[PDB]
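Next comes run35.csv, with CSV, C-alpha atoms and all ligand atoms.
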```
chain,number,residue,atom,x,y,z
A,1,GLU,CA,-38.1,48.2,218.2
A,2,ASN,CA,-38.4,50.8,215.4
A,3,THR,CA,-42.2,50.7,215.2
A,4,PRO,CA,-43.6,54.2,215.5
A,5,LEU,CA,-45.6,55.0,218.6
A,6,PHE,CA,-48.4,56.4,216.4
A,7,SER,CA,-49.2,56.6,212.7
A,8,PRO,CA,-46.7,58.7,210.7
A,9,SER,CA,-49.9,60.1,208.9
A,10,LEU,CA,-50.4,62.2,212.1
A,11,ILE,CA,-47.2,64.2,211.3
A,12,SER,CA,-48.1,67.5,209.7
A,13,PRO,CA,-47.3,67.4,206.0
A,14,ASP,CA,-46.8,71.2,206.0
A,15,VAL,CA,-44.3,70.9,208.9
A,16,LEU,CA,-42.4,68.1,207.1
A,17,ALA,CA,-42.2,70.3,204.0
A,18,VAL,CA,-40.6,73.2,205.9
A,19,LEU,CA,-38.2,71.4,208.2
A,20,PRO,CA,-34.5,72.1,207.6
A,21,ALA,CA,-32.9,69.8,205.0
A,22,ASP,CA,-32.3,66.2,206.2
A,23,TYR,CA,-34.0,66.9,209.6
A,24,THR,CA,-37.0,64.8,210.4
A,25,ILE,CA,-39.9,64.9,212.7
A,26,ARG,CA,-41.5,61.6,213.6
A,27,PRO,CA,-43.3,59.6,216.3
A,28,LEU,CA,-41.2,58.2,219.2
A,29,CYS,CA,-40.2,54.6,218.9
A,30,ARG,CA,-38.8,52.2,221.5
A,31,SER,CA,-35.3,52.2,220.2
A,32,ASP,CA,-35.1,56.0,220.7
A,33,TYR,CA,-33.7,55.3,224.3
A,34,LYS,CA,-30.5,54.6,222.4
A,35,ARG,CA,-30.5,57.8,220.3
A,36,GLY,CA,-30.2,60.5,222.9
A,37,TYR,CA,-33.9,60.9,223.8
A,38,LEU,CA,-33.5,61.3,227.6
A,39,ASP,CA,-30.6,63.7,227.2
A,40,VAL,CA,-32.8,66.1,225.3
A,41,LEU,CA,-35.4,66.1,228.1
A,42,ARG,CA,-32.6,67.2,230.5
A,43,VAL,CA,-32.6,70.7,229.0
A,44,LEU,CA,-36.1,71.1,230.3
A,45,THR,CA,-36.0,69.7,233.8
A,46,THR,CA,-34.9,66.9,236.1
A,47,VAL,CA,-35.0,63.5,234.5
A,48,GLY,CA,-33.0,61.2,236.8
A,49,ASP,CA,-31.3,57.9,236.0
A,50,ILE,CA,-33.5,55.6,234.0
A,51,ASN,CA,-32.3,52.2,232.8
A,52,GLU,CA,-33.4,50.4,229.6
A,53,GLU,CA,-35.8,48.0,231.4
A,54,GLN,CA,-37.5,51.0,233.0
A,55,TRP,CA,-37.7,52.9,229.7
A,56,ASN,CA,-39.2,49.8,228.0
A,57,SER,CA,-41.8,49.4,230.7
A,58,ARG,CA,-42.9,53.0,230.6
A,59,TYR,CA,-42.7,53.1,226.8
A,60,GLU,CA,-45.1,50.1,226.6
A,61,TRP,CA,-47.5,51.7,229.0
A,62,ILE,CA,-47.6,54.8,226.7
A,63,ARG,CA,-47.8,52.6,223.6
A,64,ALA,CA,-50.9,50.8,225.1
A,65,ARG,CA,-52.4,54.3,225.3
A,66,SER,CA,-51.3,55.7,221.9
A,67,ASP,CA,-54.8,57.2,221.5
A,68,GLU,CA,-54.1,59.5,224.4
A,69,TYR,CA,-50.3,60.0,224.4
A,70,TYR,CA,-48.5,61.3,221.3
A,71,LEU,CA,-44.8,61.7,221.8
A,72,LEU,CA,-42.7,62.8,218.9
A,73,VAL,CA,-39.1,63.8,218.2
A,74,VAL,CA,-37.0,65.9,215.9
A,75,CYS,CA,-33.9,64.2,214.5
A,76,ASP,CA,-31.0,65.9,212.9
A,77,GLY,CA,-29.3,64.9,209.6
A,78,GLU,CA,-27.4,62.2,211.5
A,79,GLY,CA,-30.5,60.7,213.0
A,80,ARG,CA,-29.7,62.0,216.5
A,81,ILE,CA,-32.7,63.2,218.6
A,82,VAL,CA,-32.4,66.9,219.1
A,83,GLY,CA,-36.0,67.9,220.0
A,84,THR,CA,-39.0,66.4,221.9
A,85,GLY,CA,-42.6,67.3,222.4
A,86,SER,CA,-45.7,65.5,223.8
A,87,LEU,CA,-49.4,65.9,223.4
A,88,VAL,CA,-51.8,64.3,225.8
A,89,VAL,CA,-55.5,64.2,224.7
A,90,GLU,CA,-57.9,64.6,227.6
A,91,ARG,CA,-61.5,63.4,227.4
A,92,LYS,CA,-64.2,65.5,228.9
A,93,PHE,CA,-68.0,65.5,229.5
A,94,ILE,CA,-68.1,69.3,228.8
A,95,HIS,CA,-68.2,70.7,225.2
A,96,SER,CA,-70.5,67.8,224.1
A,97,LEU,CA,-68.0,65.1,225.2
A,98,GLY,CA,-65.1,67.2,224.0
A,99,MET,CA,-61.4,66.6,224.0
A,100,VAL,CA,-58.6,69.0,225.1
A,101,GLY,CA,-55.0,68.6,223.8
A,102,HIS,CA,-52.3,69.2,226.4
A,103,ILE,CA,-48.8,70.0,225.2
A,104,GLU,CA,-46.1,68.8,227.5
A,105,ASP,CA,-42.3,68.3,227.8
A,106,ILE,CA,-41.1,70.6,225.0
A,107,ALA,CA,-37.3,70.5,224.7
A,108,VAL,CA,-34.6,71.3,222.1
A,109,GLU,CA,-30.9,70.4,222.6
A,110,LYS,CA,-28.9,73.6,223.5
A,111,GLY,CA,-26.7,73.5,220.3
A,112,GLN,CA,-29.9,73.1,218.1
A,113,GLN,CA,-31.9,76.0,219.6
A,114,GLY,CA,-32.9,79.2,217.7
A,115,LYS,CA,-33.4,77.4,214.3
A,116,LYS,CA,-37.3,77.0,214.4
A,117,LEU,CA,-37.2,73.4,215.7
A,118,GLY,CA,-39.3,74.3,218.8
A,119,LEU,CA,-41.8,76.1,216.5
A,120,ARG,CA,-42.1,73.0,214.2
A,121,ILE,CA,-42.6,70.7,217.3
A,122,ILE,CA,-45.5,72.9,218.5
A,123,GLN,CA,-46.9,73.1,215.0
A,124,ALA,CA,-46.8,69.3,214.7
A,125,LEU,CA,-48.5,68.8,218.1
A,126,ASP,CA,-51.3,71.3,217.2
A,127,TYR,CA,-51.9,69.5,214.0
A,128,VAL,CA,-52.3,66.1,215.9
A,129,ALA,CA,-54.7,67.7,218.4
A,130,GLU,CA,-56.9,69.3,215.7
A,131,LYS,CA,-56.9,66.2,213.5
A,132,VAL,CA,-58.1,63.9,216.2
A,133,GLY,CA,-60.9,66.2,217.2
A,134,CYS,CA,-59.8,68.4,220.1
A,135,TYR,CA,-61.5,71.7,220.4
A,136,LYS,CA,-58.4,73.4,221.8
A,137,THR,CA,-54.8,72.7,222.9
A,138,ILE,CA,-53.5,74.3,226.1
A,139,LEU,CA,-50.1,74.3,227.8
A,140,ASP,CA,-48.3,76.0,230.7
A,141,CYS,CA,-45.2,78.2,230.3
A,142,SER,CA,-43.1,80.6,232.3
A,143,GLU,CA,-42.9,84.4,231.9
A,144,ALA,CA,-39.4,83.9,230.4
A,145,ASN,CA,-40.7,81.7,227.5
A,146,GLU,CA,-44.1,83.1,227.0
A,147,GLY,CA,-42.8,84.9,223.9
A,148,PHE,CA,-41.8,81.6,222.3
A,149,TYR,CA,-45.4,80.3,222.7
A,150,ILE,CA,-46.8,83.7,221.4
A,151,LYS,CA,-44.6,83.1,218.3
A,152,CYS,CA,-46.1,79.6,218.0
A,153,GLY,CA,-49.7,81.1,217.8
A,154,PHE,CA,-50.7,80.5,221.4
A,155,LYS,CA,-52.3,83.2,223.6
A,156,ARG,CA,-52.5,83.7,227.3
A,157,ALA,CA,-55.6,82.0,228.7
A,158,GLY,CA,-55.2,82.0,232.5
A,159,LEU,CA,-52.8,81.1,235.3
A,160,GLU,CA,-51.0,77.9,236.2
A,161,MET,CA,-51.4,76.9,239.8
A,162,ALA,CA,-49.4,74.2,241.5
A,163,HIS,CA,-49.1,72.1,244.7
A,164,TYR,CA,-45.8,70.2,245.0
A,165,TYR,CA,-45.5,67.2,247.4
B,1,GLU,CA,-75.0,51.0,237.8
B,2,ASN,CA,-74.0,52.1,241.3
B,3,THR,CA,-70.5,50.7,241.2
B,4,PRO,CA,-67.9,53.4,242.1
B,5,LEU,CA,-65.6,54.5,239.4
B,6,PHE,CA,-62.6,54.0,241.7
B,7,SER,CA,-62.0,52.7,245.2
B,8,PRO,CA,-63.8,54.5,248.0
B,9,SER,CA,-60.5,54.1,249.9
B,10,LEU,CA,-59.1,56.9,247.7
B,11,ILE,CA,-61.5,59.4,249.3
B,12,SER,CA,-59.6,61.4,251.9
B,13,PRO,CA,-60.7,60.3,255.4
B,14,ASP,CA,-59.9,63.8,256.8
B,15,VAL,CA,-62.1,65.4,254.2
B,16,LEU,CA,-65.0,62.9,255.0
B,17,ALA,CA,-64.6,63.8,258.7
B,18,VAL,CA,-65.1,67.6,258.1
B,19,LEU,CA,-67.8,67.6,255.4
B,20,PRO,CA,-71.1,69.2,256.5
B,21,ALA,CA,-73.5,66.8,258.1
B,22,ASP,CA,-75.1,64.3,255.8
B,23,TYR,CA,-73.2,65.6,252.7
B,24,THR,CA,-70.9,63.0,251.1
B,25,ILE,CA,-68.0,63.0,248.7
B,26,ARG,CA,-67.5,59.9,246.7
B,27,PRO,CA,-66.4,58.5,243.3
B,28,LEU,CA,-68.6,59.0,240.3
B,29,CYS,CA,-70.8,56.1,239.3
B,30,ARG,CA,-72.7,55.4,236.0
B,31,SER,CA,-76.1,56.2,237.5
B,32,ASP,CA,-75.0,59.7,238.4
B,33,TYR,CA,-76.3,60.8,235.0
B,34,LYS,CA,-79.7,60.6,236.6
B,35,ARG,CA,-78.7,62.6,239.7
B,36,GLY,CA,-78.0,66.0,238.3
B,37,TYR,CA,-74.3,65.5,237.4
B,38,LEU,CA,-74.3,67.3,234.0
B,39,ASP,CA,-76.3,70.2,235.4
B,40,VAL,CA,-73.5,70.9,237.9
B,41,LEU,CA,-70.9,71.1,235.1
B,42,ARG,CA,-73.0,73.8,233.5
B,43,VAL,CA,-71.9,76.3,236.1
B,44,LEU,CA,-68.4,76.0,234.8
B,45,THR,CA,-68.8,76.0,231.1
B,46,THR,CA,-70.6,74.8,228.0
B,47,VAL,CA,-71.7,71.2,228.3
B,48,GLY,CA,-74.2,70.6,225.4
B,49,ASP,CA,-77.0,68.1,225.1
B,50,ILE,CA,-75.8,64.6,226.0
B,51,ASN,CA,-78.1,61.6,226.0
B,52,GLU,CA,-77.9,58.6,228.3
B,53,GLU,CA,-76.3,56.3,225.6
B,54,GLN,CA,-73.6,58.9,225.0
B,55,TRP,CA,-73.0,59.3,228.8
B,56,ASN,CA,-72.7,55.5,229.1
B,57,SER,CA,-70.2,55.3,226.3
B,58,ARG,CA,-68.0,58.0,227.7
B,59,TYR,CA,-68.4,56.8,231.2
B,60,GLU,CA,-67.2,53.3,230.2
B,61,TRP,CA,-64.2,54.8,228.4
B,62,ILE,CA,-63.2,56.6,231.6
B,63,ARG,CA,-64.0,53.5,233.7
B,64,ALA,CA,-61.6,51.5,231.5
B,65,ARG,CA,-59.0,54.1,232.5
B,66,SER,CA,-59.8,54.5,236.2
B,67,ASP,CA,-56.0,54.5,236.9
B,68,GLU,CA,-55.8,57.8,235.0
B,69,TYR,CA,-59.1,59.5,235.4
B,70,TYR,CA,-60.5,60.1,238.9
B,71,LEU,CA,-63.9,61.8,238.8
B,72,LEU,CA,-65.7,62.5,242.1
B,73,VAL,CA,-68.9,64.2,243.3
B,74,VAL,CA,-70.2,65.9,246.4
B,75,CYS,CA,-73.8,65.0,247.2
B,76,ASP,CA,-76.1,66.9,249.6
B,77,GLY,CA,-78.2,65.4,252.3
B,78,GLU,CA,-80.8,64.3,249.7
B,79,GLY,CA,-78.2,62.5,247.6
B,80,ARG,CA,-78.3,65.2,244.8
B,81,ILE,CA,-75.0,66.0,243.1
B,82,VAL,CA,-74.0,69.5,244.0
B,83,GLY,CA,-70.3,69.5,243.3
B,84,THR,CA,-67.9,67.9,240.8
B,85,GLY,CA,-64.1,67.6,240.4
B,86,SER,CA,-61.7,65.6,238.3
B,87,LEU,CA,-58.1,64.5,238.6
B,88,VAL,CA,-56.2,63.2,235.6
B,89,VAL,CA,-52.8,61.5,236.3
B,90,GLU,CA,-50.2,62.1,233.6
B,91,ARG,CA,-47.3,59.8,233.1
B,92,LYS,CA,-43.9,61.3,232.3
B,93,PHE,CA,-40.3,60.2,231.6
B,94,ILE,CA,-39.0,63.3,233.5
B,95,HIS,CA,-38.7,63.1,237.4
B,96,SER,CA,-37.6,59.5,237.2
B,97,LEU,CA,-40.7,58.3,235.4
B,98,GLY,CA,-42.8,60.7,237.5
B,99,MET,CA,-46.5,61.4,237.5
B,100,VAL,CA,-48.3,64.7,237.5
B,101,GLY,CA,-51.9,65.2,238.8
B,102,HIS,CA,-54.1,67.6,236.8
B,103,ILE,CA,-57.2,69.0,238.5
B,104,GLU,CA,-60.0,69.6,236.0
B,105,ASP,CA,-63.7,70.6,235.7
B,106,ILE,CA,-64.3,71.9,239.3
B,107,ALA,CA,-67.9,73.1,239.8
B,108,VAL,CA,-70.3,73.7,242.7
B,109,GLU,CA,-74.0,74.3,242.1
B,110,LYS,CA,-74.8,78.1,242.6
B,111,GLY,CA,-77.1,77.6,245.7
B,112,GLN,CA,-74.4,75.4,247.3
B,113,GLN,CA,-71.4,77.8,246.8
B,114,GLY,CA,-69.5,79.5,249.7
B,115,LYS,CA,-69.9,76.6,252.1
B,116,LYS,CA,-66.3,75.0,251.7
B,117,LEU,CA,-67.5,72.4,249.2
B,118,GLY,CA,-65.1,73.5,246.5
B,119,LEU,CA,-62.3,73.5,249.1
B,120,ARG,CA,-63.2,69.9,250.1
B,121,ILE,CA,-63.3,68.8,246.4
B,122,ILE,CA,-59.7,70.2,245.9
B,123,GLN,CA,-58.5,68.6,249.1
B,124,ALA,CA,-59.9,65.3,248.0
B,125,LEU,CA,-58.3,65.5,244.6
B,126,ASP,CA,-54.9,66.5,246.1
B,127,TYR,CA,-55.2,63.5,248.5
B,128,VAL,CA,-55.7,61.1,245.5
B,129,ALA,CA,-52.8,62.6,243.5
B,130,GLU,CA,-50.4,62.2,246.5
B,131,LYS,CA,-51.5,58.8,247.4
B,132,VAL,CA,-51.0,57.3,243.9
B,133,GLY,CA,-47.5,58.8,243.7
B,134,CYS,CA,-47.7,62.1,241.9
B,135,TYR,CA,-44.9,64.5,242.6
B,136,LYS,CA,-47.2,67.5,242.2
B,137,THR,CA,-50.7,68.5,241.1
B,138,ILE,CA,-51.3,71.4,238.8
B,139,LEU,CA,-54.4,73.2,237.4
B,140,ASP,CA,-55.3,76.3,235.5
B,141,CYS,CA,-57.5,79.1,236.8
B,142,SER,CA,-58.6,82.7,235.9
B,143,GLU,CA,-57.5,85.9,237.6
B,144,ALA,CA,-61.0,86.0,239.1
B,145,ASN,CA,-60.8,82.7,240.9
B,146,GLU,CA,-57.1,82.6,241.7
B,147,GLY,CA,-57.9,83.5,245.3
B,148,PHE,CA,-60.0,80.4,245.7
B,149,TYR,CA,-57.1,78.2,244.6
B,150,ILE,CA,-54.8,80.2,247.0
B,151,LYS,CA,-57.2,79.3,249.8
B,152,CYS,CA,-56.9,75.7,248.7
B,153,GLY,CA,-53.1,75.7,249.2
B,154,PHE,CA,-52.1,76.1,245.6
B,155,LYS,CA,-49.5,78.7,244.4
B,156,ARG,CA,-49.0,80.5,241.1
B,157,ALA,CA,-46.6,78.5,239.0
B,158,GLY,CA,-46.7,79.9,235.5
B,159,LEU,CA,-49.1,81.0,232.7
B,160,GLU,CA,-51.8,79.0,230.8
B,161,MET,CA,-51.5,79.4,227.1
B,162,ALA,CA,-54.2,78.2,224.6
B,163,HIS,CA,-54.9,77.7,221.0
B,164,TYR,CA,-58.7,77.2,220.2
B,165,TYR,CA,-59.7,75.6,216.9
C,1,LIG,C1,-45.0,73.3,227.4
C,1,LIG,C2,-44.1,72.6,228.3
C,1,LIG,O1,-43.0,72.2,227.9
C,1,LIG,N1,-44.6,72.4,229.5
C,1,LIG,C3,-43.8,71.7,230.6
C,1,LIG,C4,-44.6,70.6,231.2
C,1,LIG,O2,-44.8,69.7,230.3
C,1,LIG,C5,-43.7,69.8,232.2
C,1,LIG,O3,-44.5,68.8,232.9
C,1,LIG,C6,-43.0,70.8,233.2
C,1,LIG,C7,-42.0,70.2,234.0
C,1,LIG,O4,-41.6,71.1,235.1
C,1,LIG,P1,-41.4,70.5,236.6
C,1,LIG,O5,-40.1,69.6,236.6
C,1,LIG,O6,-41.0,71.6,237.6
C,1,LIG,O7,-42.6,69.6,236.9
C,1,LIG,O8,-42.4,72.0,232.5
C,1,LIG,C8,-43.3,72.7,231.6
C,1,LIG,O9,-44.4,73.3,232.3
C,2,LIG,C1,-59.5,73.9,237.8
C,2,LIG,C2,-60.5,73.9,236.7
C,2,LIG,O1,-61.7,73.8,237.0
C,2,LIG,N1,-60.0,74.0,235.5
C,2,LIG,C3,-61.0,74.0,234.3
C,2,LIG,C4,-60.6,73.0,233.2
C,2,LIG,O2,-60.7,71.8,233.8
C,2,LIG,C5,-61.6,73.0,232.1
C,2,LIG,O3,-61.1,72.1,231.1
C,2,LIG,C6,-61.8,74.5,231.6
C,2,LIG,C7,-63.0,74.5,230.7
C,2,LIG,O4,-63.0,75.8,230.1
C,2,LIG,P1,-63.2,75.9,228.4
C,2,LIG,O5,-64.8,75.6,228.2
C,2,LIG,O6,-63.2,77.4,227.9
C,2,LIG,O7,-62.4,74.9,227.7
C,2,LIG,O8,-62.0,75.5,232.7
C,2,LIG,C8,-61.0,75.4,233.7
C,2,LIG,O9,-59.7,75.8,233.2
```
Now that the file is in, can you turn its structure into structure tokens?
Ligand SMILES: CC(=O)N[C@@H]1[C@@H](O)[C@H](O)[C@@H](COP(=O)(O)O)O[C@@H]1O
Ligand SMILES: CC(=O)N[C@@H]1[C@@H](O)[C@H](O)[C@@H](COP(=O)(O)O)O[C@@H]1O
Amino acid sequence: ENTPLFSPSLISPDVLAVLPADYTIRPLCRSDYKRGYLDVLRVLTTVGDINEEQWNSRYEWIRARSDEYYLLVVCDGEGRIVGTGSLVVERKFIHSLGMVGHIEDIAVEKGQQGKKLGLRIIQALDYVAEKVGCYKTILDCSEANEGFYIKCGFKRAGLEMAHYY
Amino acid sequence: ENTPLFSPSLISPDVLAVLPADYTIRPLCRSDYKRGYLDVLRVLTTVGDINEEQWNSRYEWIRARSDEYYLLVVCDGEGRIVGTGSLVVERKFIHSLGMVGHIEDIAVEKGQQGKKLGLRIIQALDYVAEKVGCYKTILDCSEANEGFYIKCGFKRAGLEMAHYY
């Protein structure tokens, strides 16, 4: 239930050193359903009603793929989840069988925003991607939050195109 | 060796119906190393020297994940690979445990460009993503080829940001 989704060794030591006092950044675990996890994702977009059995099923799917999916959380001093971020590592044939990190689903609870937690999440995900051998990490953002990603050390690389069903 | 990476049933019947005569669109198979596959990817970006043992290893990795990675090719009337495209299906918690299709590594050999093959590749990948239950498909492009993606029925959705290592 409390077993980390991936090795705690993958959490950037430099990030841990600079986090506000008593806050923590760590891999997701299964019991995080019960600690406010989904409620954090709701600041970002539509989540829907998900029951515990559904959470468990999808968590186990991700856990079986913990060499691809790296989901982590920021917890406050009371152990509540207040921030989320994901990295998905894509395998390619190009770049000599390279790998590309994709940052996804970045969210910080409204009352906890503007305190560098989002920056620390991005820094942690970048550390994972580099460490496992990705040649780059990419993500998509809006015009309204491009400046956040700039402050995280990302640079504009192209355009996101979409087809919704 | 010739076993398709994923079910031929996932190849859009409407796309097959409109492809130029004798051309085919079909899943990757292992023996495609020997049919010009990597040489097509070279129009898109850096590929590097990859030997057959390396190809086989990475192919098997992808094949073990054929519910995530959908790589397909266009072959000309002589069975040479002249086009490539990939779809990677990401699992989420948001959108009621939704899935997002990601189009990647789109390439058509120089002498075969401007004949709707790229359009057919995109159409085929969109069909896979919808059929397996994705709520949308996204991709990143440059300003210079945005117009191609527009002609494929994609619309601008945001900005691609990157951090290279
Ligand atoms: C860096 C980051 O947080 N990117 C996310 C992406 O991960 C998520 O899939 C999407 C959901 O938006 P949607 O509900 O309209 O698909 O929003 C943003 O693009
Ligand atoms: C739609 C499409 O074809 N997208 C590709 C992407 O799949 C690939 O990973 C990248 C490689 O570029 P890079 O060599 O600079 O990483 O180019 C384009 O963004």
Using 6 Å as the limit and counting all atoms listed in the file, can you tabulate each residue of chain B that touches chain A, with its shortest atom-to-atom distance in Å and the two atoms involved, as a Markdown table?
```
| residue | atom | partner | partner_atom | distance |
| --- | --- | --- | --- | --- |
| B:46 | CA | A:95 | CA | 5.5 |
| B:47 | CA | A:94 | CA | 4.1 |
| B:48 | CA | A:96 | CA | 4.8 |
| B:94 | CA | A:47 | CA | 4.1 |
| B:95 | CA | A:47 | CA | 4.7 |
| B:96 | CA | A:48 | CA | 4.9 |
| B:135 | CA | A:165 | CA | 5.5 |
| B:136 | CA | A:164 | CA | 4.1 |
| B:137 | CA | A:163 | CA | 5.3 |
| B:138 | CA | A:162 | CA | 4.3 |
| B:139 | CA | A:161 | CA | 5.3 |
| B:140 | CA | A:160 | CA | 4.6 |
| B:141 | CA | A:159 | CA | 5.3 |
| B:142 | CA | A:158 | CA | 4.9 |
| B:154 | CA | A:163 | CA | 5.1 |
| B:155 | CA | A:161 | CA | 5.3 |
| B:156 | CA | A:161 | CA | 4.5 |
| B:157 | CA | A:161 | CA | 5.1 |
| B:158 | CA | A:160 | CA | 4.8 |
| B:159 | CA | A:159 | CA | 4.5 |
| B:160 | CA | A:140 | CA | 4.6 |
| B:161 | CA | A:156 | CA | 4.4 |
| B:162 | CA | A:138 | CA | 4.2 |
| B:163 | CA | A:154 | CA | 5.1 |
| B:164 | CA | A:136 | CA | 4.1 |
| B:165 | CA | A:136 | CA | 5.5 |
```
Checklist entry - What lies within 12 Å of residue 108 (chain B) using all atoms listed in the file, ignoring chain neighbours under 6 positions off, as JSON, numbers by chain? => result {"B": [36, 37, 38, 39, 40, 41, 42, 43, 44, 45, 73, 74, 75, 76, 80, 81, 82, 83, 84, 85, 114, 115, 116, 117, 118, 119, 120, 121, 122]}
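Between ligand LIG 1 (chain C) and the candidates B:25, B:112, B:78, B:99, the tightest atom-to-atom separation, counting all atoms listed in the file, involves B:99.
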Item to check | CA of residue 123 (chain A) to CA of residue 87 (chain A), straight-line distance in Å | outcome: 11.3 Å
Checklist entry - Near region 2-19 of chain B, within 8 Å and counting all atoms listed in the file, which residues show up once chain neighbours fewer than 6 positions away are dropped, as a list in words? => result residues 25, 26, 27, 28, 29, 30, 31, 63, 66, 70, 71, 117, 120, 123, 124, 127, 128 and 131 of chain B
Starting from the incomplete input, reconstruct N, CA and C atoms of region 90-101 of chain A and write that as an mmCIF file, in the frame of the given file.
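Just written: result_36.cif:
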```cif
data_model
loop_
_atom_site.group_PDB
_atom_site.id
_atom_site.type_symbol
_atom_site.label_atom_id
_atom_site.label_comp_id
_atom_site.auth_asym_id
_atom_site.auth_seq_id
_atom_site.Cartn_x
_atom_site.Cartn_y
_atom_site.Cartn_z
ATOM 1 N N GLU A 90 -56.990 64.792 226.492
ATOM 2 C CA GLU A 90 -57.900 64.600 227.600
ATOM 3 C C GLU A 90 -59.342 64.500 227.148
ATOM 4 N N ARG A 91 -60.039 63.489 227.629
ATOM 5 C CA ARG A 91 -61.500 63.400 227.400
ATOM 6 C C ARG A 91 -62.253 64.086 228.507
ATOM 7 N N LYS A 92 -63.284 64.812 228.077
ATOM 8 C CA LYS A 92 -64.200 65.500 228.900
ATOM 9 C C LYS A 92 -65.674 65.132 228.767
ATOM 10 N N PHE A 93 -66.525 65.564 229.698
ATOM 11 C CA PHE A 93 -68.000 65.500 229.500
ATOM 12 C C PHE A 93 -68.402 66.894 228.899
ATOM 13 N N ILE A 94 -67.755 67.985 229.330
ATOM 14 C CA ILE A 94 -68.100 69.300 228.800
ATOM 15 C C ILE A 94 -67.809 69.457 227.354
ATOM 16 N N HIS A 95 -68.370 70.468 226.700
ATOM 17 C CA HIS A 95 -68.200 70.700 225.200
ATOM 18 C C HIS A 95 -68.662 69.473 224.443
ATOM 19 N N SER A 96 -69.853 68.982 224.787
ATOM 20 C CA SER A 96 -70.500 67.800 224.100
ATOM 21 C C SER A 96 -69.489 66.644 224.043
ATOM 22 N N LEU A 97 -68.988 66.209 225.205
ATOM 23 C CA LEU A 97 -68.000 65.100 225.200
ATOM 24 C C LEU A 97 -66.779 65.499 224.456
ATOM 25 N N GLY A 98 -66.292 66.707 224.711
ATOM 26 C CA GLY A 98 -65.100 67.200 224.000
ATOM 27 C C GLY A 98 -63.803 66.600 224.382
ATOM 28 N N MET A 99 -62.764 66.996 223.663
ATOM 29 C CA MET A 99 -61.400 66.600 224.000
ATOM 30 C C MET A 99 -60.509 67.814 224.007
ATOM 31 N N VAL A 100 -59.550 67.849 224.929
ATOM 32 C CA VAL A 100 -58.600 69.000 225.100
ATOM 33 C C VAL A 100 -57.197 68.389 224.873
ATOM 34 N N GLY A 101 -56.418 68.985 223.968
ATOM 35 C CA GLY A 101 -55.000 68.600 223.800
ATOM 36 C C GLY A 101 -54.173 69.315 224.844
#
```
